[PDB]
Each structure stands twice: as structure tokens, then as C-alpha cells.
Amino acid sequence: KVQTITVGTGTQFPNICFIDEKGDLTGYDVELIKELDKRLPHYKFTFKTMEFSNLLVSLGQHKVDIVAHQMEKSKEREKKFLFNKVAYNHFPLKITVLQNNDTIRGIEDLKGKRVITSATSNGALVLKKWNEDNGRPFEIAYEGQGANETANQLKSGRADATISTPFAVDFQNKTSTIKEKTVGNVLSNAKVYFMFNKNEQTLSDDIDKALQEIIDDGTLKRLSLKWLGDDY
């Protein structure tokens, strides 16, 4: 009969996995999981939400069977988990500034400027590596107080730029008075995959089959354009 699959995801990732004003869990990853459910009659996907910092521990302990949170591969992760074969998205990162700031064309125009970012994020590493390989022209600052810290600093001028993805900038503009924009070329564009507990290989393969079906009939493209835009 139908096998129940527990999906671990979040509620604080705008456009990916979040709660909208209506009050329901939605976003690209959540909607894709629901689409897969429709495509897989022998499976039933249920959700289990939690802080991002508990997703992988939960997956390893098999509290969830799959994790959906725009996850990327890494050496460490591949040793402890399984990744399906079909990437379902790319994660473009670009220098991001205050909408009315016209002094910055890209990462190369930051000599003497201050860039704010999240100490944990992959964007933080991207910035660091580039800054290190180019004579450290700018200062990297990390946020720590509370939310909206990056936007507030961009607004005041305390920060000249940050690094973000286009879909995050779109959400910022739709929900805040502080407007932002991306400038320059894509600095990083990592592939995104679902992650699995080591015991779920059959499930991962079945999901890859469904994803090919979703890609082939244009459903994935439709979903990415709706939630992420065309930069994906």
C-alpha cells in the first residue's frame, strides 16, 4: 500500500518554505514536495518543520526521511547522507545593494566599502574567498542582533552591500519599505538537491523519476518562474 514519508523543512525561508499571510506552509520547496506527492501514488508525503539547525541531525536519526531546504552538496554531507541525482534548482548569489544606490556595479566596485552578511551562510564564504583572492579590498561584517539587520544597515549606509539571491531580494521588496536590488554577475550558482537518510535509496530514485516527469511536462519551469523568477 501507500508508504508515508516524513519531510523535514522550515517555516522561515521566504519563497522556499514559509508561512504566508493566509496562514499556510508554502514556497518553492514545499510546493515541489506536494507536486511529487501527486506524481507518486505509492507514497504519501507529510511534513515536520523545525529550526534549520536541527534538520540534518533529525535526518540522521531518521526522524525525517528527506530534507527539503534548498540544500547543497558538501564533502561532509555526502559522507553522512544521500543526495538524489536530479538537482531541482540552482542557487544564484549576487552582490546586493540599496535600490537607489548607483555607485556599485559589482563585487569589483567595493574598494574601501563594508559588506554585511550572515556568518553561517554560503554567501559569506563566497565573499570571503573572493575578498581573500583579490587583496581584501573590502570589509566583511557579520550580523548578530536580530532580523532585518542587513536591510537596516543598507538603509542607513552603515553597510554598502550584502550578498543575496534574487528571490530573497524580491520578497524583501514586497514586504518592506527598504528596497534592494542585485548588481553584477552571478558569483556562485550551486546545484540544489533533496537530502536523504542513508536508508532511503529507493525513495530517492523514485523521486528522481518523478522529477524527470515534472521537468519534461514544464511543471518545474512553471514552479520556478512563479516562486524564484527566471534567474534559476
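Just count from 1 along the sequence shown to find any residue number.
For the pair 88 to 96 and 139 to 147, the record assigns the higher mean C-alpha temperature factor to 139 to 147. Comparing 169 to 177 with 187 to 195, the higher mean C-alpha B-factor in the PDB entry belongs to 169 to 177.
Among all modelled residues in its chain, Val2 ranks in the highest third by Cα B-factor. When the modelled residues of the chain are ordered by their C-alpha B factor, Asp205 lands in the middle third.
Remark: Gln153 belongs to the middle third of its chain, ranked by C-alpha B-factor as recorded. Among all modelled residues in this chain, the alpha-carbon of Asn122 has a temperature factor (C-alpha) in the highest third. Per the PDB record, residue ranking by Cα B-factor puts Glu51 in the highest third of the chain.
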